[PDB]
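Some notes on the structure that comes next.
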Amino acid sequence: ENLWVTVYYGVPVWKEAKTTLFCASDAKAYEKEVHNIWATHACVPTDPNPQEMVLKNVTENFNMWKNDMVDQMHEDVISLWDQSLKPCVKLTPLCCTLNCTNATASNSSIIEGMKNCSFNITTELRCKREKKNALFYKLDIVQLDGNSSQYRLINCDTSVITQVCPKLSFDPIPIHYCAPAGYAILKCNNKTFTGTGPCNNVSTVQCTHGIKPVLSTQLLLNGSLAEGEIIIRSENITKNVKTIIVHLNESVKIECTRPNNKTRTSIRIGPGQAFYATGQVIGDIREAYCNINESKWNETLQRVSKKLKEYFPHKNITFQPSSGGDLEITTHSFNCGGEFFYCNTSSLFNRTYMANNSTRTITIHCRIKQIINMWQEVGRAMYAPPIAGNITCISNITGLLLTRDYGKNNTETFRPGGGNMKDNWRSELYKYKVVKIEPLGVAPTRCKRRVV
Amino acid sequence: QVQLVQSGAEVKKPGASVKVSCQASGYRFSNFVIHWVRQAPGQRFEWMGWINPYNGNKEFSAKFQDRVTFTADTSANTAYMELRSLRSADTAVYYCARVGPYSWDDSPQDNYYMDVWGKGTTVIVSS
């Protein structure tokens, strides 16, 4: 008797659901008066303060593998390039056929890395075919046919190519991501979370910390670090797994350079437009290369292998170089300055272990390409213009995207892989999730109104 | 070791379709392009096309583009092919293939030579 309903508004409970999240970035590039492909497209202001707030006595489920807000991220990263490239002039007229030779570099009779390439092109808007010349990297060039030979670009037959507008910069910037009105974001302050299952310490925030859309395979660089020990995350259904993410607690320096000096040459296709071509080479010629501290890396491989063994307790672990296939997997990929570096990582992942510090620097040969299958997309490619002079680079390696082969007798063969671009960000957005508020609630109580 | 294993032999009706599968082992299936090749009795091998499981881009011989279709699945370690509108000339032994690994010195598409094959499958067009 005398138990009687009451209703509350503003209630603190929640349920899981998908949402449309906000972009959130700096105002103008690195707060510098230049155009940036990410920041400049609105994305609201340089929100300085994350509203972190910690929860007493909250245990929370989390599924970073199935979390909805990686999909919207991938959709957003795709769309920004797609809309930004559109006004830039295309490469379609140049796709016509080529007749070219070995290039004579300065003070040199040969250069084994360079074709010098001659091509027909429309010089006025829509007439006056004429001959013109430039030079290209091999791996945008192919050839078979004719009574005498005949040359062609790698991708223009299968897919359309567009060169990025030259003033736009590729460099990544920290982007924050905020929930819209009526939803919130949870974190797992826990420093050893596996990625799935309940989370024993949870805090909430309107916006995530800055996340950097670094394009990379084979290595997580310019990223975050685990606060506790190294964390190894994998699919939980079976021993064999789709991908494994290792995330270091200490980050190792990588520097890279492209020493050859490059001067530019420009070809007018169009009206208020210009195809940007690569011209004469200058300077003592070397291939691009990167440098890593040796002894620190030896400790790094000992540490990650020390924890792989906890799962996998028998004697052997074997790391191996890339498996094979097309180049896009078998070299470590990134971009720096204004061009996209591809490096043969095989010398760096040749170790083997059994169970039971600014010297001796290792160097890796690293190759460079100008036409790209970006976002691993069907039927489309991008072209990158050359940058004047040499380039120097520094970045901080943070982790690996590795894969396991089909098992064999008392011997495991781990090599780089995973490959899917979504795993790049799934390695960093594992902490977060998005959730809806239901502010309404009902209860019994010892209370009424007056009928008068 | 490396092996590619195929479906059973087929005898199918004229005018209908024939569909074949090719399951692999010994290597990560998602990191190698896959070919399809046919040989009639006593004749040359004829190119059909290629597929790259990593992306699903496709390229066909224009002789067969209206007749053939490929697809691949990373969770199955298997590639599929489908040839529509069978005729008596299609009676042949069909193969799937794998290419060699790219190396640093290679130009593009130096490696699409046939590195490994399967045991093949017999297809006969008959009522």
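Chains as they are written, first to last, in PDB author numbering: chain A, 32 to 147, 157 to 309, 312 to 321, 321A, 322 to 359, 361 to 398, 409 to 504; chain C, 1 to 52, 52A, 53 to 82, 82A to 82C, 83 to 100, 100A to 100J, 101 to 113.
Even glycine gets a Cβ: it sits at the ideal position worked out from N, Cα and C.
Residue burial classification, residue i (beta-carbon count within 10 angstroms, cutoff 16)
i	result
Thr70 (chain C)	exposed
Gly235 (chain A)	buried
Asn398 (chain A)	exposed
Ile277 (chain A)	exposed
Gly451 (chain A)	buried
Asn195 (chain A)	buried
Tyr91 (chain C)	buried
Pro496 (chain A)	exposed
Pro52A (chain C)	buried
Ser336 (chain A)	exposed
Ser274 (chain A)	buried
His355 (chain A)	exposed
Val322 (chain A)	buried
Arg498 (chain A)	exposed
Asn280 (chain A)	exposed
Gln1 (chain C)	exposed
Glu490 (chain A)	exposed
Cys167 (chain A)	exposed
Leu4 (chain C)	buried
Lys421 (chain A)	buried
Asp325 (chain A)	exposed
Three-state secondary structure (DSSP) of residue i
i	result
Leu452 (chain A)	strand
residue 520 (chain A)	A question about residue 520 (chain A) goes unanswered here, because the residues of chain A that appear run from 32 up to 504.
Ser100C (chain C)	coil
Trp50 (chain C)	strand
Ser291 (chain A)	strand
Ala48 (chain A)	coil
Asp211 (chain A)	coil
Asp101 (chain C)	strand
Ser199 (chain A)	coil
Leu34 (chain A)	coil
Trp96 (chain A)	coil
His216 (chain A)	strand
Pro124 (chain A)	helix
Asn280 (chain A)	coil
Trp69 (chain A)	coil
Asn476 (chain A)	helix
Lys350 (chain A)	helix
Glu275 (chain A)	coil
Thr394 (chain A)	coil
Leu259 (chain A)	coil
Sub-8 Å separation of residue i and residue j beta-carbons
i	j	result
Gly469 (chain A)	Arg28 (chain C)	yes
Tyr100I (chain C)	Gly96 (chain C)	yes
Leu165 (chain A)	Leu453 (chain A)	no
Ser365 (chain A)	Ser388 (chain A)	no
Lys12 (chain C)	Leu82C (chain C)	yes
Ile161 (chain A)	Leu125 (chain A)	yes
residue 516 (chain A)	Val292 (chain A)	Since the first residue shown for chain A is 32 and the last is 504, residue 516 (chain A) is missing from the structure and cannot be characterised.
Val245 (chain A)	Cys228 (chain A)	no
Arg393 (chain A)	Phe353 (chain A)	no
For residue i, the nearest candidate out of the options (CA to CA)
i	options	result
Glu351 (chain A)	A:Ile416, A:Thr415 and A:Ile272	A:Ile272
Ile251 (chain A)	A:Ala134, A:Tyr384, A:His66 and A:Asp57	A:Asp57
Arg327 (chain A)	A:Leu260, A:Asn301, A:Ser364 and A:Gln321A	A:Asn301
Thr297 (chain A)	A:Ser158, A:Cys126 and A:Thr444	A:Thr444
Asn88 (chain A)	A:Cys239, A:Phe233, A:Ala73 and A:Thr232	A:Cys239
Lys178 (chain A)	A:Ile309, A:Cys131, A:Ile213 and A:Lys168	A:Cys131
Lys483 (chain A)	A:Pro299, A:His287, A:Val345 and A:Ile423	A:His287
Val108 (chain A)	A:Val120, A:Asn80 and A:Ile215	A:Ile215
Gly367 (chain A)	C:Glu10, C:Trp103, C:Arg94 and C:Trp36	C:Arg94
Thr202 (chain A)	A:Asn133, A:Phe159 and A:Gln315	A:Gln315
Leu349 (chain A)	A:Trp427, A:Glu464, A:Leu390 and A:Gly493	A:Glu464
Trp50 (chain C)	C:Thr87, C:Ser84 and C:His35	C:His35
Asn100G (chain C)	C:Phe32, C:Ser25, C:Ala9 and C:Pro14	C:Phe32
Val67 (chain C)	C:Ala16, C:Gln6, C:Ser7 and C:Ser112	C:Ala16
Problem - Residues within the stretch 20-36 of chain C neighbouring chain A, beta-carbon criterion of under 9 Å - result: Within the stretch 20-36 of chain C, the residues whose Cβ lies closer than 9 Å to some Cβ of chain A are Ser25, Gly26, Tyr27, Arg28, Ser30, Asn31, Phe32 and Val33, listed in chain order.
Exercise for the section: May I ask you to list, following chain order, the residues of the stretch 456-484 of chain A that have a beta carbon less than 8 Å from some beta carbon of chain C? Expected result: For the stretch 456-484 of chain A, which is checked against every Cβ of chain C, the residues closer than 8 Å are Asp457, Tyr458, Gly469 and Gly471.
Handout entry: Residues of the stretch 417-434 of chain A whose Cβ lies closer than 9 Å to any Cβ of chain C, in chain order
Key = For the stretch 417-434 of chain A, which is checked against every Cβ of chain C, the residues closer than 9 Å are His417, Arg419, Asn425, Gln428, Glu429, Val430 and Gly431.
Problem - Near-chain A residues of the stretch 56-72 of chain C - C-beta to any C-beta below 8 Å - result: So the close ones are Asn56 and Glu58.
Practice task
Could you run through the stretch 169-182 of chain A and flag, in chain order, every residue whose CB is less than 9 Å away from some CB of chain C?
Solution key: Result list: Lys178, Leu179, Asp180, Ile181 and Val182.
Problem - Where the stretch 116-145 of chain A meets chain C: residues whose CB sits under 7 Å from a CB there - result: If you check each beta-carbon in the stretch 116-145 of chain A against every beta-carbon of chain C, none falls closer than 7 Å.
Exercise for the section: Could you please tell me which residues of the stretch 372-394 of chain A, in chain order, have their CB closer than 7 Å to any CB of chain C? Expected result: Correct list: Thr372 and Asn386.
Handout entry: Contacting positions in the stretch 185-200 of chain A - beta carbon closer than 8 Å to chain C
Key = Those would be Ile194 and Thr198, in chain order.
Exercise for the section: May I ask you to list, following chain order, the residues of the stretch 100-113 of chain A that have a beta carbon less than 9 Å from some beta carbon of chain C? Expected result: None of the residues of the stretch 100-113 of chain A has a beta carbon lying less than 9 Å from any beta carbon of chain C.
Problem - Contact set between the stretch 443-457 of chain A and chain C, restricted to residues whose Cβ is under 9 Å from the partner - result: Going along the stretch 443-457 of chain A in chain order, one finds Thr455 and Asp457 with a Cβ nearer than 9 Å to chain C.
Practice task
Quick one: which residues of the stretch 214-241 of chain A get their C-beta closer than 9 Å to a C-beta of chain C? List them in chain order.
Solution key: Shown here is that no member of the stretch 214-241 of chain A has a Cβ falling below 9 Å from a Cβ of chain C.
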